[PDB]
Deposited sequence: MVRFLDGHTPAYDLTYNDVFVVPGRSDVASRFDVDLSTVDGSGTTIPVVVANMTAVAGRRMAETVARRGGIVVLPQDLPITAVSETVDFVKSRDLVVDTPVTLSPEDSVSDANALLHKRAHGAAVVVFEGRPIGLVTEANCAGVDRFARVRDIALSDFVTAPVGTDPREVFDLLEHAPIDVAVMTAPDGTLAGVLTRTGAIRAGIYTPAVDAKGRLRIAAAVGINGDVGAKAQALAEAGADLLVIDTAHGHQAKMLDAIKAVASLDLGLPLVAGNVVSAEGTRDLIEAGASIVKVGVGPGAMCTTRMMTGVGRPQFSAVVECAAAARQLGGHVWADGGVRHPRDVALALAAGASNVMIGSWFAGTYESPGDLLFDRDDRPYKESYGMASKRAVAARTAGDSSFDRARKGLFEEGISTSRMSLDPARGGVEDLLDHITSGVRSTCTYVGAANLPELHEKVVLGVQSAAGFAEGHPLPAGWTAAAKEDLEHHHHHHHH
C-alpha cells in the first residue's frame, strides 16, 4: 500500500498534478546506488517500455532501447514477415556497440543527406565490401550537389578500435577527436558498428535487456480482431520475448475471450492485457490469464477520449487501485497514461506500477520511424503515416475519428537519461534503493489547484 499524509483523504480521484512525494529518511548515497530493474518478468533494467504506436516503434527504436535496458513493443497487425525480420535484426546486434548508418560510394548525396538524421551519431560510415573507408557529416553534404556520388566528399580520417575494447579506454581515445564517433572493427577488420563518448558511458551505467540466449529483448502486439490464437502463435515463434493484447476498452467480452485464446497456447511468455482503469477490470483480465495489466483510459480531462465520451479516470488513482488489485492475484501493472515528464514516470512507479509505457513523447527522436523535416523557422520535427468491403469502410469510417524535436538532445538515449535521472532522484528522496522499495517506503500528500496559479 501507499502512505498518504494524515488527514489527506480526498472526495475525488487523483491525477499526477494532484499529488507530491514527501522525502523521508534516506541511507542512499548517490543515484548510482539505485537498481531500476523490474520484477514483472519483462526483463527490463529500467522501468521504461515503448508503446506499440507505429510512429514510435521501428527497427531502430527497438534496438537502441533494449541496449539501454528498456524494451519496445511492435505494432499489432504488422506483417508477420516484417516482424520476424526485425526480431532477428535486433536480437543479432551488439550489446555495447551501436549500429551506424552505412553508405556505399555509389549512393547519391540526397540519399546520404537524408540518411544522416536517421541516427543520433551525427556521422555516416561509408562501406566498401564490408569495410569502412571513411565518414560523412552534414558539413560534408553542405555545398556538394545533390546528385554527386559520396566518393567525392568522403572524409577518410577517423578513429578505430577493435570490437570488445574496454569502453573506459575508448572514451579517452575519442577525447581530442574532431568527430565524436569511433568506428568499431571486427577481428578481420570488417565493420562491427560504432561508439561515441557518451554512448560509451552508457555501457558503464545502463544494463542491457537480454533473453535466455543473451540476445536483446523485444516484444510485439496483437488486436482482439480475427484469429487471436493464430497471431500470438506466429509472433511467439518469430522470437518475441513478450506479448501484448491491446484495445481501447480493455474490459469487454471480446478481450476476455482473446486472453483465454492466447493463455491456452501456453507459450510460456509474459502476457499483457489491454486497457482498464478499475480493480474489477484488473481482476477480470488477470483471471482470463493475463500476467500483466496495462492501465489508462482518458487520463487527461481535456484529451480527445474524454471530450468525446466523457469516459476516463485520473491516472494516479487508476494506477494505485489497479496495481493493488494485481498484487493480490500475484501480478503486475503497466502505466499507459501518456507521459511527457520524468515525474510522470516516478509517480507511476510510486503508485505501484512495475513498468511505465511511453507514447508519442519518443516520436520526437532520430530513432523513430518517421522522416526528419524542418518548418519555416527551420526547427526539426519528425513525421510518419498511420496507414475490407468498400461500402463498409465508409460506413465504419463515418463514426471514426508529427511531434517537435529537441535540437539540443534529439536522441531517445537522451530522453532516457532525463527520465532515469529523475526516477533515480525520487528514490534517493524517499530512501529507497530500488523500485520495490520505492512502492513500500513512499509517502504522498495531496495539494490543491491553487499552487498552479499565476
> Which deposited-sequence positions, grouped into ranges, are missing C-alpha coordinates?
Replying inline: 388 to 399, 414 to 418, 472 to 496
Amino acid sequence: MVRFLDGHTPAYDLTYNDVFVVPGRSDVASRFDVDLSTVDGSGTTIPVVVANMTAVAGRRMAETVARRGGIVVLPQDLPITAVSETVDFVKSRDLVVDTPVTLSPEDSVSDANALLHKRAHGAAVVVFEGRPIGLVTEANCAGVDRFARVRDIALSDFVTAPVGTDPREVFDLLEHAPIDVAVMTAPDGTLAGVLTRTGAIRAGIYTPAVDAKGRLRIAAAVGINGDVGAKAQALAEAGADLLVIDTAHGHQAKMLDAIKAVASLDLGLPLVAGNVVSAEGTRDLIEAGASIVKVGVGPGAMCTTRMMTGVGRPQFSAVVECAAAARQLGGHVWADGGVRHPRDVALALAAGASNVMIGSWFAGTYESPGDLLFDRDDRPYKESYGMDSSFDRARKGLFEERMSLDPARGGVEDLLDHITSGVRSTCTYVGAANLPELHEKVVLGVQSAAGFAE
From here on, numbers count along this sequence of modelled residues.
>> Can you tell me whether 202 to 210 has a higher mean C-alpha B factor than 336 to 344 in this record, or the other way round?
In response: 202 to 210
>> Quick check on the record: does 353 to 361 or 192 to 200 carry the larger mean Cα temperature factor?
In response: 192 to 200
> With respect to the C-alpha temperature factors reported in the PDB entry, which of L74, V319, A154, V297 ranks highest?
Replying inline: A154
> Taking the values straight from the PDB record, which of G310, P314, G250, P132 has the highest C-alpha temperature factor?
Replying inline: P132
> Can you tell me which third, lowest, middle or highest, the CA B-factor of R119 falls into for its chain?
Replying inline: lowest
> Is the Cα B-factor recorded for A161 in the lowest, middle or highest third of its chain?
Replying inline: highest
> Considering only modelled residues of the same chain, in which third does the CA B-factor of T81 rank: lowest, middle or highest?
Replying inline: highest
>> By the recorded C-alpha temperature factor, relative to the other modelled residues in its chain, which third is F128 in?
In response: highest
>> Based on the deposited C-alpha B factors for this chain, I'd like to know if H418 is in the lowest, middle or highest third.
In response: lowest
